[PDB]
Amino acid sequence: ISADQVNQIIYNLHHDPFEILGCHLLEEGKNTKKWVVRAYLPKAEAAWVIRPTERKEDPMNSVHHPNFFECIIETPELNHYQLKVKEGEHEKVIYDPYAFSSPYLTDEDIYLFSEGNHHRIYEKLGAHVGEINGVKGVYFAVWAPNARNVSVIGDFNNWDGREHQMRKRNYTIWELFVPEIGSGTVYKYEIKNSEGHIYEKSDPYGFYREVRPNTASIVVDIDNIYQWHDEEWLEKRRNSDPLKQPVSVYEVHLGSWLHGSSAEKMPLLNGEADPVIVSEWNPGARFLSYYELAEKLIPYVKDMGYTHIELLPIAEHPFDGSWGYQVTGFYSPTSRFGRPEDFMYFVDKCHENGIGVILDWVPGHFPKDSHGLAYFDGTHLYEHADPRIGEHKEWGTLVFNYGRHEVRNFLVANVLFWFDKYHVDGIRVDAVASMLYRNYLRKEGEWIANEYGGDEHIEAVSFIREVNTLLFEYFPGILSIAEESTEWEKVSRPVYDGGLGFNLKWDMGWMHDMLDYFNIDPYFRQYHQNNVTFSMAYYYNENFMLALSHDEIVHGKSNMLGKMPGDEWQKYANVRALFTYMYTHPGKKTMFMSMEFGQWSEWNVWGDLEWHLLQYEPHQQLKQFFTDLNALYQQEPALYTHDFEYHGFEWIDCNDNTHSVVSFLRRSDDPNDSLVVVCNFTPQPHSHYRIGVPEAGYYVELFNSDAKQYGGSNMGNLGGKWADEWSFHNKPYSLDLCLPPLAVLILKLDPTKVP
């Protein structure tokens, strides 16, 4: 480019910067093309063009001015890229601001979507504020290839679409530009199908929606509603390996954590709205907004010391009682809690406080509600037409046709959407088996095998692999977590090794082993020592997340304290021992709201948590226990650097079943960070119990779950213990410990203690 053109950009004299900024074709070769990407990045000293899906990165060069950049790249197609931008000592990765020069669908947009590969399709499908023919308005576009007609109905035309009939492009997508309307417009699509039947649909790509049970979509100017401040968080994420860090997740259902009063408005970020009543049977209660949750949940979690919040599904869903698992508005955070910018504020505030946000994401099915995706255009569009693979009959829901390009594209682009627009730090997928098996919850003669005679759902496996390939190319540093309950192999292994590409998997066998174990009267635990130790036999086959989830404290299963045998003291003690063991056992951690303060009742999605319990000492003490344990977890490298390597763990002795005692080491890079963990899973204290340790020296009692401040009896080793030169458990030195009842000790060598 010339200096004259650069200066026109720098000094804001250029008539249309899209002519020169962004990606432009320079020339076509026999088997490739040559492209230039240009950027004006004021205050940046350096920039690169990332082609994440090709795993390439090319420096940009300053051209005529230090903040004007260009990059020439040869490749057959340049559809997917990001800009990495360095300003002083800091780097950010963004999409190119000049990527899309028009609001309408191009030929190229249509071709990529037809192939399933438009990773940013939600920039053009749905409703977007823009300018066409010189006039500002909203562009609508919807995929409905078999419809006879589609019209936009909304507030602006009194729900009469006769003068807002859409235009069908390429036999597949309907579009319309409507001048002089903007954000806040309420609308739906009115479709006529091939039989002439007329019906109304929410926008599949809608960004905001009325409050259930109303279903109209609402136009959002999604790139001009919120200013983020989380660049430094995002940079550290992108440059870190979360597998080598502490990951302690507080799992939360936003609708049921805490309620407010329905006698006042719901406050929003700089505004307010009418209250959303929780139910007709509890009409004095309203949900808290994303804004109020930022102000209340986030400091709560920060003070408790968790690293992450994991949300049950926040995508728009019509029925509270699904918990969010039956979604009908995949591209919008639920309007129960306010507006898109309120949830952006929530995420940005998590990041400001050094807390990550993981979303439960639900690609496995969708319910039949008539406003939603079902039978969208008068055919089986999103769902497969064959009920043997397109319906989950025991659930009453429909299964996406994962092989159909535009359906795959809806979902792949949807996962990316949440990382793009809402800056989230991970996803978790529930019931992955529901996708993976063609015979899932189906009887003989009511499913059909894949093309090779097997039960593997080939199209779903392919989709899962593509989601995880893409996610980690575009957003390295994220968490992609699976719950898969059939022993499918290599869930949390790279796709290039035959894995599904997740980076963590819930250890459901561990969860069952533990909860079953702790439910056993302690005298009987000697017949079930294997529940304590067995999960280490298969542990290195996956990267495991140790999750005690919402699903374990509903349906007659009791909350944690209720599962435990004994008197009230011992129930509490069992909880502390279990969770100290969980936090010292190799793997990342997840626990659900209410578990941290000892709620007695089961989780009820229709009310809020029993916060009044925190007026009482025993619940206070258990919450202090968790606070301290999360602090310890972040402070001790041996609890998190080598979770997934042999080096990070070794049993000292796990044979004493008769006393339900086990002990082990955790290790990190520095040998002086090694930890000795000793567990006593009966209420019998031991005044002298010998444990082998690898070095001479003084072993500080770094944590003791029977401490009085946690509600325990305060038994233990008074600060720590000198090791004896007395071989034990095949180690040269040994500690003669006092083991408190129903309790876990963590000890650590202080190699500078004065003898």
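Numbering starts at 1 and follows the sequence shown.
Subject >> Given 263-271 and 428-436, the range whose Cα B-factors average higher in the PDB entry >> reply: The stretch with the larger mean CA B-factor is 263-271.
Original post:
Per the entry, where is the mean C-alpha temperature factor higher: 467-475 or 97-105?
Top reply: Comparing averages over the C-alpha atoms only gives 97-105.
Original post:
Quick one: which of 726, 35, 40, 48 has the biggest Cα B-factor according to the entry?
Top reply: Top of the list by C-alpha B-factor: 726.
**OP:** Can you pull the Cα B-factors for 83, 344, 127, 198 from the entry and say which is highest?
**Re:** Highest CA B-factor of the listed options: 198.
Original post:
residue 60's Cα B-factor: lowest, middle or highest third of the chain?
Top reply: For residue 60, whose C-alpha B-factor we compare with every modelled residue in the chain, the answer is the lowest third.
**OP:** Would you mind checking where the Cα B-factor of residue 418 ranks among the modelled residues of its chain, as the lowest, middle or highest third?
**Re:** Lowest third.
Subject >> residue 636 - which third its CA temperature factor falls in, relative to the rest of the chain >> reply: Middle third of the chain for residue 636's C-alpha B-factor.
Original post:
Would the CA B-factor of residue 142 place it in the lowest, middle or highest third of its chain?
Top reply: Lowest third.
**OP:** Divide the modelled residues of the chain into thirds by Cα B-factor and specify which third, lowest, middle or highest, holds residue 522.
**Re:** Middle third.
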